[PDB]
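S.K.: Next one to model:
(5 chains, ligands or ions: 2)
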Amino acid sequence: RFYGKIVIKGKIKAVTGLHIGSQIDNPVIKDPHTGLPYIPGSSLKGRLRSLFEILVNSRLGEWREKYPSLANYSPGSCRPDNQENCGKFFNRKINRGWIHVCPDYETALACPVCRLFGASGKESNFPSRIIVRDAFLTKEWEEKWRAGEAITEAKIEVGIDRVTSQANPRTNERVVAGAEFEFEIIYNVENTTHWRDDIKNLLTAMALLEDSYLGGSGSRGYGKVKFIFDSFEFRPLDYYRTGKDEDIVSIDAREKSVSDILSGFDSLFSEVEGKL
Amino acid sequence: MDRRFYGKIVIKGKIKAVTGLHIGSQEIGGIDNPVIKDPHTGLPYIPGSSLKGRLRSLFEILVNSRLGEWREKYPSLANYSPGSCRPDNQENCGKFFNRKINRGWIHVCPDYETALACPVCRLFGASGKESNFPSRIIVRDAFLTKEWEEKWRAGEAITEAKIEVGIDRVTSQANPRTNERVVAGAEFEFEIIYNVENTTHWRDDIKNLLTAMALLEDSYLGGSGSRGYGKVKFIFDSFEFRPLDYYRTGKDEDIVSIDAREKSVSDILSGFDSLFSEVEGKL
Amino acid sequence: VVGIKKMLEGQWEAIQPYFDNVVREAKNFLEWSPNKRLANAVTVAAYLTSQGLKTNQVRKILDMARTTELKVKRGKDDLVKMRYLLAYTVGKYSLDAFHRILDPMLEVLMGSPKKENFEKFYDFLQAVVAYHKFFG
Amino acid sequence: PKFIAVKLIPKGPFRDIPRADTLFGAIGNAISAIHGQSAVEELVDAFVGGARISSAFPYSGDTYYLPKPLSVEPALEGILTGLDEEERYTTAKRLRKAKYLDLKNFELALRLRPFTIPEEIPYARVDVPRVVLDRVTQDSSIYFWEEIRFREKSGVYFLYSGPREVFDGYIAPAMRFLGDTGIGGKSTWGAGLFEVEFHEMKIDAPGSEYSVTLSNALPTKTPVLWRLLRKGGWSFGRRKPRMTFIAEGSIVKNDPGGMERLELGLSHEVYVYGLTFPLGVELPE
RNA sequence: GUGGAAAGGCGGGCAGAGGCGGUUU
Ligand SMILES: [Zn+2]
Ligand SMILES: [Zn+2]
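M.R.: Numbering: from 1, shown residues only, chains lettered A, B, ... in the order given. Ligands and ions are numbered 1, 2, ... in the order given. There you are, the coordinates:
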């Protein structure tokens, strides 16, 4: 079942210098051909899911009525007993760490985390509704690389003994602060009832990402990512068969992640709510 | 076990160099010992590694001076003895400075459960083996203000070339040295973000973070501060608790502590219960 | 050879004075090619080492080229030329040999399009200082 | 003849270069989403009694690549008779283990005339490590993941030989839906997304009985020269059985292929594509 | 009717300890 694809396009700005790393002694991830860094789709989706699962872990009692699959979970992880899904929220163990993943289609249909990000399950699956595309540099930040400027820099951090002041240096390649990337998130509108709650939850996790960090050291002040939204287009079900521009476009030029939910979700989206 | 989120306390202000500071790294022409700079703007900043690492250092010596007093408040401080593991090369032989990094010993709890009781490792994090307690604070990199960026446009000097000399005592021959130094008076927008993970003991972590700041206003901030290159000062612009709902509804209704023209010693000693009385009402 | 001069550098200033006077005879901006620009800079720094001049005494002039280098790179020249003269005043002696190379370059630069010729001037002045330390 | 070249311009990495059966799977999922299940029943009937697509092939800046025919291995010595015998040996095995040819050299291989291989491949298969983090106690546990990364102007195209009315209603609306979802692989990380353009390409092929397939075929009889590609698949979370396909560049003599229907215990029948895409070739003696 | 569905390269780590730009004729 399909209705359209709300597409969010924006610029990701590294206000502080960013590190993701691939394993200068700690090199950041790069393209294999040009040598430029980027931000993977796995790092941005995996951070938005991690920030939003801790958001849902704190509100399991208050969201039983809106999301009926959160009545089966108690806050915590299944790590203190090496056992699969039983009562705790962080139920699925992948390799060595514990993650909320719903075990079925019918349970992940009513979870705020897994109706959006997806669930693996056994005997049934639940695919994602969002696509978090990789974020390469802007075209403006690419000719600085062509002119010869540094797009990555070497941050040398040391470790000091508390008694003797013995110093122990190390290096960390870091994408230069100020650099701008371009992101894109494509939300697949599968259900015409669930879409307002899914865009609000995606923008909530993007608002937790602006006060937390993205990749790398972070507690030492690396990530500090800012979101600028260039535009919002809807691309309805009728667009895909005829190709003519029925794209409902929500306009946001200087709007923040908070200003898109600062009563703006109900107002600006008055046409997507109209054509469903 | 059971990581939960209640919101973030964000501390914004202006680190001021009352005497000129020097952080430094190991251009073609330039002073032998230069100061770290932003690679895109060329202005000297203050890293978040250098500010968190000095606060964690000064708070660890503050614990060993009072292991008799802090032991009753926090469990797992009776797990050791005061001192370092420097003579006996052992990762856990019962001293406070238990983990070596490469050659030097730093207090790091080895397990998640002993790091949730330590005052040093709740606020700053652990990373043991199989443990990995993440930090509760983020200390951003501190760039210049919008005022002191305009001073670089107008031609006023941001840095300086301080010249020092070590004198041979017997022969009185002099060996000269030059060190780059930010001009005293320059200011830096810092930011410290505490994650309210547990509403039980958020109040102890805010008092322990502000205790370490007033220690750092007594000592220096990086690079030969026994000679004058510290004397740093926190000036608090804003103090703000962002509740969980803040990120839901996006409204700018998040509760604020004025903190105007107040010191790091005023926030703990003078009015800690008066200022934070309204944060406690929402939690 | 660039490495061969270091065996001979370690009256000898006169044999390189014809190389400096020939380079001071050509004063047009970008009059040499890319490989020829660096080949001039080896002859300059070898000449500036026989009658040796320290980088500090030059360090104020090197500051004004670099603070403008951030201001030229997506962000005047007479301020550097006024300092390049006044620093050459308090010699004592080899500051005039460094003034005979700056001031022909800076007189042409004095009226010039800013974005291109200074960025090409900045590559030559690096290699003078850069190669000066390679020999001492 | 004249073909339609559907040019897929990458927005990022691909999981794989998609075969002809995972393009027809992706087209078939795009039609039931846009139109419905009654239009998939007409999409299948238009390829059984009509149009045929190929596998996906790389290009690199208007240099379209095509698979090497399997006819040039028996007669490789016979192609290179006019060459110096001290270097016939290294020329032979370098030409033999090549995988792709461009349009100038693909035409010369169908007529068993001498040719050259490309020097650069337009992509690289890259090993990117990912991580899985515990939510509470952030324990890293890595796994390894494969991706195809393209150059700055390179990409992927596939061919279409059929009537324009079927292309305008089925294949052209599918490629705008499939540009925004993925084309096989981890599409939640932005892999498989692309921009679509349409061109026309011409191949000058000799007239004979024997013909090379530019797609997987699932042959109805014994082929002449072939390479076994053994693949299965996955259909709505149900594992498809491994079927013996034929590779791209294998040689048949009047073999249409055949579209296999697998029950698979699913709401609807699952058709696996398996059809030929012939261009005439001259075999050796 | 897609060799698919799910998965943050991450946790902890002060560029630091010492040094009268002044001797001497
Ligand atoms: Zn769930
Ligand atoms: Zn501790």
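S.K.: residues contacting the residue in chain C that chain A sits nearest to?
M.R.: As assessed by CB to the nearest CB, chain A sits closest to residue C:73 within chain C, at 7.5 Å. Quick note: C-beta positions are derived from backbone N, CA and C, even for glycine. Contacts for residue C:73 were tallied using CB atoms under 8 Å, 6 or more residues apart in numbering or on different chains; they are A:149, C:119.
S.K.: In the chain, which helix is the longest?
M.R.: No chain specified, so I'll use chain A. When secondary structure is assigned using DSSP state H, the longest helix within chain A turns out to be helix A:41-57.
S.K.: was after chain D, sorry
M.R.: The helix spanning the most residues in chain D, taking DSSP H as the definition, is helix D:20-34.
S.K.: what packs against that helix?
M.R.: In this structure, helix D:20-34 packs against helix A:237-242, helix D:37-48, strand D:52-60, helix D:172-180, strand D:228-235, strand D:270-272, with contacts taken as 3 or more CB pairs under 8 Å, 6 or more residues apart in numbering or on different chains; DSSP states H and E.
S.K.: same thing but 10 Å
M.R.: Under the contact criterion of 3 or more CB pairs under 10 Å, 6 or more residues apart in numbering or on different chains; DSSP states H and E, helix D:20-34 touches helix A:237-242, helix D:37-48, strand D:52-60, strand D:154-161, helix D:172-180, strand D:228-235, strand D:238-246, strand D:270-272.
S.K.: Off-centre distance for that helix?
M.R.: If you compare the mean C-alpha spot of helix D:20-34 with that of the full chain, they lie 14 Å apart, counting by CA atoms, centre = their mean, to the nearest Å.
S.K.: do the same with stretch D:235-250
M.R.: 13 Å.
S.K.: How about that stretch, which residues are buried there?
M.R.: Of the residues in stretch D:235-250, those with enough neighbours to count as buried (16 or more other CB atoms under 10 Å in any protein chain shown) are D:235, D:240, D:243, D:245-250.
S.K.: before we move on, what about stretch D:70-87?
M.R.: Within stretch D:70-87, the residues scored as buried using 16+ other CB under 10 Å are D:70-72, D:76, D:79-80.
S.K.: Can you classify residue A:173 by secondary structure?
M.R.: When the structure is reduced to helix, strand and coil (DSSP: H, G, I helix; E, B strand; the rest coil), residue A:173 reads as strand.
S.K.: For it, give me its contacts.
M.R.: For residue A:173, the set of contacting residues under the criterion of CB atoms under 10 Å, 6 or more residues apart in numbering or on different chains consists of A:17, A:19-22, A:24-28, A:30, A:37, A:152-155.
S.K.: Just the buried residues of the residues you listed.
M.R.: A residue is treated as buried here by neighbour count (16+ other CB under 10 Å); on that basis the buried members of these are A:17, A:19-21, A:26-28, A:30, A:37, A:152-153, A:155.
S.K.: give the contact list for the residue in the stretch 151-285 of chain D that ligand 1 sits nearest to.
M.R.: Closest approach of the stretch 151-285 of chain D to ligand 1 (CB to the ion) occurs at residue D:188, with a separation of 15.2 Å. For residue D:188, the residues meeting the contact criterion (CB under 10 Å, 6+ apart) are A:41-42, A:45, A:117-118, A:127-132, A:186, D:182.
S.K.: Find the pair from these with maximum spatial separation.
M.R.: Using CB to CB, the two most remote members of the contacts of residue D:188 are A:42 and A:129, lying 16.7 Å apart.
S.K.: Is stretch D:117-136 positioned near chain B?
M.R.: Yes: under the criterion of CB under 10 Å from any CB of the partner chain, chain B is reached by stretch D:117-136 at D:133-136.
S.K.: from chain C, which residue is nearest to ligand 1?
M.R.: residue C:74 (47.7 Å).
S.K.: Does stretch C:122-134 reach chain B?
M.R.: Yes: counting by CB under 10 Å from any CB, chain B has neighbours in stretch C:122-134: C:125-130, C:132-133.
S.K.: State the number of residues packed around residue 42.
M.R.: This is for chain A. A total of 20 residues lie near residue A:42 under the criterion other CB atoms under 10 Å in any protein chain shown.
S.K.: you looked at the wrong chain, it should be chain D
M.R.: The burial count assigned to residue D:42 is 13, neighbours taken as other CB under 10 Å.
S.K.: Enumerate the residues of chain A near ligand 1.
M.R.: The interface of chain A toward ligand 1, taken as CB under 5 Å from the ion, is made up of A:102, A:111, A:113-114.
S.K.: re the thing from before, now the buried residues of stretch D:70-87 in TSV, with distance to chain C and secondary structure?
M.R.: Conversion of the buried residues of stretch D:70-87 to TSV gives the following (distance: CB to the nearest CB, whole Å; DSSP: H, G, I helix; E, B strand; the rest coil):
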residue	distance to chain C	secondary structure
D:70	51	coil
D:71	52	coil
D:72	47	coil
D:76	47	helix
D:79	46	helix
D:80	44	coil
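S.K.: Looking at the residues you listed, which is nearest residue A:146?
M.R.: Nearest to residue A:146 among the buried residues of stretch D:70-87: residue D:72, at 42.0 Å, using CB to CB.
S.K.: Skip the chain neighbours and tell me the closest residue to that closest one.
M.R.: Taking CB to CB, 6 or more residues apart in numbering or on different chains, and ignoring the residues beside it in sequence, residue D:72 has residue D:109 as its nearest neighbour in space, at 5.1 Å.
S.K.: what secondary structure does the residue of the stretch 1-150 of chain A found nearest chain B sit in?
M.R.: When scored by CB to the nearest CB, the stretch 1-150 of chain A has residue A:76 as its residue closest to chain B, at 4.0 Å. At residue A:76, secondary structure determined by three-state DSSP is strand.
S.K.: wait, what's in contact with the residue lying closest to residue A:114 once chain neighbours are set aside?
M.R.: In this structure, residue A:114 finds its nearest non-sequential neighbour in residue A:108, 3.9 Å apart by CB to CB, 6+ apart. Counting by CB under 10 Å, 6+ apart, residue A:108 touches A:69, A:101-102, A:114-121, A:124-127.
S.K.: Narrow these to those that are buried.
M.R.: By the neighbour-count criterion of 16+ other CB under 10 Å, these include these buried positions: A:69, A:101-102, A:114-121, A:126-127.
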